[PDB]
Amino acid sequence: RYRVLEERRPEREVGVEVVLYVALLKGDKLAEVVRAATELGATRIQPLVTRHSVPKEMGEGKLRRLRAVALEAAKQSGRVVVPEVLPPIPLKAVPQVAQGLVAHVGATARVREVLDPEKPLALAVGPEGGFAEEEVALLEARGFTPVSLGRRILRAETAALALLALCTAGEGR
């Protein structure tokens, strides 16, 4: 048996920090990554300018739009915490990470074989052209572990959402 000792507002956050470092993308794609990523529990979205990313910046205006999307998706998903969407930085400026995951076509390691649900999370995804093998080395040097997303080619948007889902939705959090 038991007894309702005290009602409370439901836990909506994932528990640990989840920073998604995503390469700038063509079209409007990024807006969509931000929204869905907000629903999937990301806490920080850090756009990256990389070797093959077409865009290399982002006006103050484009960034404000991405922030309204995050806020709007936050309310829809039932979250109180609004993920911080930041100004794009260089891939070299990627900080050292306690635990990081990078989607790479070559790896064999699955996310469930690598993930420690107790520590913070750093996730990296490349642009439509992908990361340059020197960028993945840089990433591995930062602490990001290369992980597989299957035997099919995924749009960058999907890879980011898929990678994130296996870390949040997949762990039931």
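All residue numbers refer to positions in the sequence shown, first residue = 1.
**Student:** Quick check on the record: does 154-162 or 9-17 carry the larger mean Cα temperature factor?
**Tutor:** Averaging CA B-factors over each stretch, the winner is 9-17.
**Student:** On average, are the C-alpha B-factors higher in 137-145 or in 34-42?
**Tutor:** The stretch with the larger average C-alpha B-factor is 137-145.
**Student:** Within this chain, which third does the Cα B-factor at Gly59 fall in: lowest, middle or highest?
**Tutor:** Tercile = highest for this residue's CA B-factor.
**Student:** Sort the modelled residues of this chain by their C-alpha B factor and say whether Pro88 lands in the lowest, middle or highest third.
**Tutor:** Highest third, going by the recorded CA B-factors of the chain.
**Student:** Sort the modelled residues of this chain by their C-alpha B factor and say whether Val80 lands in the lowest, middle or highest third.
**Tutor:** For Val80, whose C-alpha B-factor we compare with every modelled residue in the chain, the answer is the highest third.
**Student:** Test of reading the entry: by CA B factor among the chain's modelled residues, which third contains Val102?
**Tutor:** Ranked within chain, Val102 CA B lands in the lowest tercile.
**Student:** Give the position of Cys167 by CA B-factor within its chain, expressed as the lowest, middle or highest third.
**Tutor:** It falls in the bottom third of the chain.
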